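Novice:
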Amino acid sequence: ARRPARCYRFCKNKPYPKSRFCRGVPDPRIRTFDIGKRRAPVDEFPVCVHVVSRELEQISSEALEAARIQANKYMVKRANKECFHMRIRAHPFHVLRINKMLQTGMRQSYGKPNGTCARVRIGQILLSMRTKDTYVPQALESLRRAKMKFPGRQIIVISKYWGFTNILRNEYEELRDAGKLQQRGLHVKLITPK
RNA sequence: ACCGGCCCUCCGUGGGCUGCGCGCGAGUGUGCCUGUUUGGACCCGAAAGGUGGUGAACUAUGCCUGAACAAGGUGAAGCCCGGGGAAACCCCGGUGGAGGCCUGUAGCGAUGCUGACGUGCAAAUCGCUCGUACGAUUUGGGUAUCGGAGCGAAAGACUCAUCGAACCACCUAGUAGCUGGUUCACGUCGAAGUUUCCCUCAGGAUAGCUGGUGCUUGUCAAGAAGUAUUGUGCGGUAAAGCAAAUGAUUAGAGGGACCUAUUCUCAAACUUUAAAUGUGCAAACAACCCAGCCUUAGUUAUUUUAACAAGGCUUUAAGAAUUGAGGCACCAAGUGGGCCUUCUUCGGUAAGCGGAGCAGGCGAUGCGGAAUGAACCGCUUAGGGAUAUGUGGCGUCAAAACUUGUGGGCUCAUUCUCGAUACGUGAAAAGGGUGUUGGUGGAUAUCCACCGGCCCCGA
RNA sequence: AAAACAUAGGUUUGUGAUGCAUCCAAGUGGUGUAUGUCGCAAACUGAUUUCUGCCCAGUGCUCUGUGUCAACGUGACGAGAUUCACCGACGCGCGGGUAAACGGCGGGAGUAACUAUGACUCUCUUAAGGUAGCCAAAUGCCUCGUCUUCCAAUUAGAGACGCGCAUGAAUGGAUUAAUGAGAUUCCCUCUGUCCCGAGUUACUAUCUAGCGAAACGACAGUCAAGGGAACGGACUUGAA
RNA sequence: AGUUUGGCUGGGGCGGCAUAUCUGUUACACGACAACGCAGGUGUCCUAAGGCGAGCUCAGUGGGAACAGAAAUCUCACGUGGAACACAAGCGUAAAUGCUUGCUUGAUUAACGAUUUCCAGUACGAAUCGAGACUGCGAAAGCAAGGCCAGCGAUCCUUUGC
RNA sequence: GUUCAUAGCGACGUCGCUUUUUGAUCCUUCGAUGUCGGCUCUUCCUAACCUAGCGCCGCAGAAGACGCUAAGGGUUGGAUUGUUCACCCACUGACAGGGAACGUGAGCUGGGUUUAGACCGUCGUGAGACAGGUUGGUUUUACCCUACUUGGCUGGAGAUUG
RNA sequence: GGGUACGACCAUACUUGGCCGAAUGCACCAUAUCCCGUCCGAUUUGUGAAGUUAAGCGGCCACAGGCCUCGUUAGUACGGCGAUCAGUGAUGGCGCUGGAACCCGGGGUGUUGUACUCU
RNA sequence: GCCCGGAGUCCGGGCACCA
Ligand SMILES: [K+]
Ligand SMILES: [K+]
Ligand SMILES: [K+]
Ligand SMILES: [K+]
Ligand SMILES: [K+]
Ligand SMILES: [K+]
Ligand SMILES: [K+]
Ligand SMILES: [K+]
Ligand SMILES: [K+]
Ligand SMILES: [K+]
Ligand SMILES: [K+]
Ligand SMILES: [K+]
Ligand SMILES: [K+]
Ligand SMILES: [Mg+2]
Ligand SMILES: [Mg+2]
Ligand SMILES: [Mg+2]
Ligand SMILES: [Mg+2]
Ligand SMILES: [Mg+2]
Ligand SMILES: [Mg+2]
Ligand SMILES: [Mg+2]
Ligand SMILES: [Mg+2]
Ligand SMILES: [Mg+2]
Ligand SMILES: [Mg+2]
Ligand SMILES: [Mg+2]
Ligand SMILES: [Mg+2]
Ligand SMILES: [Mg+2]
Ligand SMILES: [Mg+2]
Ligand SMILES: [Mg+2]
Ligand SMILES: [Mg+2]
Ligand SMILES: [Mg+2]
Ligand SMILES: [Mg+2]
Ligand SMILES: [Mg+2]
Ligand SMILES: [Mg+2]
Ligand SMILES: [Mg+2]
Ligand SMILES: [Mg+2]
Ligand SMILES: [Mg+2]
Ligand SMILES: [Mg+2]
Ligand SMILES: [Mg+2]
Ligand SMILES: [Mg+2]
Ligand SMILES: [Mg+2]
Ligand SMILES: [Mg+2]
Ligand SMILES: [Mg+2]
Ligand SMILES: [Mg+2]
Ligand SMILES: [Mg+2]
Ligand SMILES: [Mg+2]
Ligand SMILES: [Mg+2]
Ligand SMILES: [Mg+2]
Ligand SMILES: [Mg+2]
Ligand SMILES: [Mg+2]
Ligand SMILES: [Mg+2]
Ligand SMILES: [Mg+2]
Ligand SMILES: [Mg+2]
Ligand SMILES: [Mg+2]
Ligand SMILES: [Mg+2]
Ligand SMILES: [Mg+2]
Ligand SMILES: [Mg+2]
Ligand SMILES: [Mg+2]
Ligand SMILES: [Mg+2]
Ligand SMILES: [Mg+2]
Ligand SMILES: [Mg+2]
Ligand SMILES: [Mg+2]
Ligand SMILES: [Mg+2]
Ligand SMILES: [Mg+2]
Ligand code: NA
Ligand code: NA
Ligand code: NA
Ligand code: NA
Ligand code: NA
Ligand code: NA
Ligand code: NA
Ligand code: NA
Ligand code: NA
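Here the first sequence stands for residues 2 to 102, 111 to 203, numbered as in the UniProt record's numbering.
1) Distance check for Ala6 and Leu195, CA to CA, integer angstroms please.
2) So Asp186 is in the alpha helix (DSSP H); what residue range does that whole segment cover?
3) Using three-state DSSP, classify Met115 as helix, strand or coil.
4) Does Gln133 come out as helix, strand or coil in the three-state DSSP assignment?
5) Whole angstroms is fine: what's the gap from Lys198's alpha carbon to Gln191's?
6) Nearest CA to the CA of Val53: which residue from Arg98, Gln163 and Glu45?
7) If contact is defined by three or more beta carbon pairs under 8 Å, each pair taking one atom from either stretch, is the segment 21-30 in contact with the segment 81-89?
8) What residue range is occupied by the uninterrupted alpha helix (DSSP H) comprising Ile200?
9) Let me check one thing: in DSSP terms, what residues is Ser61 bridge-paired to?
10) Tell me the DSSP secondary structure of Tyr9 in three-state form.
Structural data, given as structure tokens:
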């Protein structure tokens, strides 16, 4: 088994990523960072809900995978499968080491790569979900259950922007009528004279 | 420039090196203290090494000549008398007294109680029990073999309570980077556990920190400053970026790979950009200008430059520093195990763990506070009065509100018992509460959602 | 005090005296030897019974005809020191012998009418590839191996099995009547070993008369918690 | 008979080399900084892979040509270095420090000149700026006394040159 | 779990407690703090096995599962093994888990571990080695202070005085 | 208002496309006896004027890219010094003080020295 | 390093060692 997560909670070391110097790294537990209807035009989902961290700490890849499974399961059961789209915005790039105990003691104690984790900051957004205005109570409950899989303190807020887009929610449909917006996939670009 | 020595060239009134050289002498004898070295070497201490002698009365083994060993059991060879048989030969009964034979005294030993005693009767003894007891048996006197040697039915056993190398005297006060000790008073000063080298890591040499003796001077300040200001240089950490190069990486879109523009998320060994704190130089007299002048084998096609000089001239508002003794030696001690802390930081799950950076401490140091504590807070110390504070306090212990205010709120806590001085984690989490007390946003003439304070469950 | 040593029995080696072993500073010096192979000196194994397999590649010991190895000799150049050339033994190399000298003595595949196993085959390789025997043995890690017997119950004992980490033949193998203050298991008898302790005796201790030490001894001697060199008699607070 | 039988070290031993040395990072934007901290190298190689002059442009991509294809050779265009520079890494470089070619021996001697790095401001190794001789390549200015920075060694003794 | 997330469980995750395991460290003790197990004896803790009283169930009864107050009382006899541990037989209401210098050697015992003798296997040329097996192997002193158990003498309120 | 030769700073000067270009000049351009060099007078070398601004070159323009400058981001991120400061912690604000970066928005698209020269 | 032997020369032997 792996050690309890209390042994890797605080950001005590330099980032230490996977590179040509650190090679024998196991694969992270989470591989997909999107659930729900990814192929949805930006106009379909106008409501966005965030969960944002309030601590400076590390979150393991197992916890991210546990949160993804729980959030998807509740939305599918309590609502339609296609009525939402969720994105995980924390990728595990920090490698953790372990010193497994022919020599004995603390001699030559540099460890071997064992797992991966994500380093988060205060005010950073961890998960983002966009949905319709009639499924907000379901989205809030699903995110509530998901955040119970993380260490530390997190808060749940509703954004003032149109879903996954940097344009204010009330002012989006004016700039859509008067064609000042160029649609590129899931985001939009403000057209300017240039 | 001159003396000695080694040289170079275009060979001259060149050139460049070297001496513990010279450059109007400073040595020498003696007294005294301190340091280095050898000697017993400040005092006491090994395990060892060598030279010459004394021991076989303990004990080991051989030899000469003497002494000793109750009482029983078993019953070998030889011999006698009877039977059986054709022979070969076989059988009974006696007698006899063999044996590194058996039971068992004396003798010679020492298995168990892991008995007694264990400052004893005794530096190995005592009580029961036990091995053997005609044999490779026990024992007196005499004699023979020893110290790197003797002897051994062999255990490194024994050689006078001494043996994996006896005893006595001497070399010998053997050497010890290691342990222990080292005897009067007051006064002036006062550290280091770091650098480089060492068969170096419990030790030295070397520089640094310190003391003594000074020298040359100055007196408001020279060759002053762990500090500013002004001017002028240096930089790639924190941050930021990936819509910029290198590396890693998620997803849609427009024309299954592919292309274009975007997009989520990153970097100690990535970077266009780029701080704060830092770091170099300058801010006047052995100096700078101005003018004229001399010299050269330097530069230049010549002047003009370069360098060394000599006689005259000038010079000590704008936030616009402020503090004050400068420089130079000689001789020598201790130290060369360090530890703690704010902040920065590497290894480790972590540690009262291991290892670094700038600074301050303890060590070497008390005093006043945190009840108690090397390092925390205050303050740092000649012997004493008066006055006032610092940290911390004013219910009693215990000096101070003889329980201060004519100031607001909040809290009720049943068996490790609510809470109450930081450092000190030197006691606590996720998650909950229609306990009570405050806010924010919505609805209606009180209802919903969310966020705090103290208390309660988790414990 | 033994399973160790010795022992009888067994095997091997040297040696015909101007010898083999060997003392010793030395000599017409000394010991086995007052002896003479049925003797003396040097090793190993350990009664009897039945046996003692294969290996001379390594190391050692030992026996026979030309590369190398020292001084001494014999010639040269040179004025001479110096130098050069040739000759030069045992030994070491070559060639034999020797294991009751020291010692050593294998892997991997396939294969028989249900499965299993493998008499059979192939392959790599050695100086030789462990034979007769014996075993979870005082030698077996795994291991308290697996089966039977002994008990109500056995990591124990005995009897079997054997790809044996790492058994094995005078580094002796296997077996043995008699013997043992040798190690282990079970049975009968017996009991204060125990269930579970009780009563009695003699000498002490205990009191007295006489006599009369030693060890040890910073100072001393009630606790709880705290902090402290992280387990206080002393310090802080409390309680006696 | 005499003497010896390394050291460091989260005890010692086995292991390893942190024992003499080079590059990046830890390292906190001057310099300096530890660990048996991380990622890697060194005891060699080269008469050319040294010196200079000249000419040229690399990696790669796209459009074209019998056999010929994803990949052979020829041609045009783009191409800030994404190639190469003996080897580890960093820095550096485009009519060049790269590639080809021509000629050469500055990889010699160099009067004890001065200096940097480690540092006691000692030595050793490496490197920087000069003076003199004789030369090499260039029309000349000029460049060169090795291959830039790692690749090595006291007293005594032996041996060679003048 | 006939359905039913939560009677009883609960994956993927995440937050803690304890010092009855073993590691990590090297602060105290090397002019010595007697090192396994058993026997004997006392006391403490609760994370409750039995005994008292209750709630709840997928509690009809009987037998049970889960939880609460509660540590007053109780918690065995044997075969094998040095064992702690382990595993069987049997009784019982029940045969709970732990601490006290891994309680307890001037209280015992000495089977094991760990000297000197000796045998075996493997290793080593050898002397010898093995956290492999085997057999044999001295357990010393209390009369001191305190603590505890019993046993006696005797003052004293300004706790000796005013 | 210009050309040529030699330059300094080295993108406000570069990259792409389009348009225009009076004269002097600069070019493209003709050819291989000789000097010289190539597989090839392509480049290079030696000798002429037959044609032409086609290209090179100069000037202007582009909701052009890039580059330069000023604002904004923002007193934000980060920092030096202090507390018997808050918080179980992770961390954070406060006092005295220093102070960024990209995106984004406005503007701009070479300056100039010596000599010989054309209008 | 010396003497050889076998292939201008690489191996196999018997000897010898003060930086
Ligand atoms: K002395
Ligand atoms: K004697
Ligand atoms: K008899
Ligand atoms: K007897
Ligand atoms: K020193
Ligand atoms: K015996
Ligand atoms: K005996
Ligand atoms: K015996
Ligand atoms: K014999
Ligand atoms: K036999
Ligand atoms: K008496
Ligand atoms: K008396
Ligand atoms: K008496
Ligand atoms: Mg655990
Ligand atoms: Mg002495
Ligand atoms: Mg000696
Ligand atoms: Mg005698
Ligand atoms: Mg007898
Ligand atoms: Mg006894
Ligand atoms: Mg007798
Ligand atoms: Mg012995
Ligand atoms: Mg002395
Ligand atoms: Mg002392
Ligand atoms: Mg003083
Ligand atoms: Mg040395
Ligand atoms: Mg950063
Ligand atoms: Mg010193
Ligand atoms: Mg000290
Ligand atoms: Mg103080
Ligand atoms: Mg008072
Ligand atoms: Mg005895
Ligand atoms: Mg026999
Ligand atoms: Mg026998
Ligand atoms: Mg042989
Ligand atoms: Mg052997
Ligand atoms: Mg054969
Ligand atoms: Mg066996
Ligand atoms: Mg056995
Ligand atoms: Mg039994
Ligand atoms: Mg058996
Ligand atoms: Mg064998
Ligand atoms: Mg044999
Ligand atoms: Mg054997
Ligand atoms: Mg007998
Ligand atoms: Mg016996
Ligand atoms: Mg106490
Ligand atoms: Mg005491
Ligand atoms: Mg710095
Ligand atoms: Mg630096
Ligand atoms: Mg060139
Ligand atoms: Mg070099
Ligand atoms: Mg020169
Ligand atoms: Mg060079
Ligand atoms: Mg002591
Ligand atoms: Mg003691
Ligand atoms: Mg004691
Ligand atoms: Mg314990
Ligand atoms: Mg104990
Ligand atoms: Mg005892
Ligand atoms: Mg005991
Ligand atoms: Mg005791
Ligand atoms: Mg034993
Ligand atoms: Mg302070
Ligand atoms: Na770390
Ligand atoms: Na007898
Ligand atoms: Na000491
Ligand atoms: Na024997
Ligand atoms: Na042989
Ligand atoms: Na066999
Ligand atoms: Na058995
Ligand atoms: Na050592
Ligand atoms: Na309880």
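Built from N, CA and C at the ideal position, the CB exists for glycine as well.
Specialist: Reading off the structure:
1) The alpha-carbon atoms of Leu195 and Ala6 are separated by roughly 35 Å.
2) That run of the alpha helix (DSSP H) goes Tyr181 to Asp186.
3) Coil at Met115, not helix or strand.
4) When secondary structure is reduced to three states using DSSP, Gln133 falls in the coil class, being assigned neither helix nor strand.
5) Those two C-alpha atoms are separated by around 5 Å.
6) Checked all of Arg98, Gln163 and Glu45; the closest Cα to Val53 is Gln163.
7) Proximity of the segment 81-89 to the segment 21-30 falls short of the contact definition, fewer than three beta-carbon pairs being nearer than 8 Å.
8) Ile200 -> no alpha helix (DSSP H), and no H or E assigned at all.
9) According to DSSP, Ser61 bridges with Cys126.
10) Correct three-state label for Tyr9: helix.
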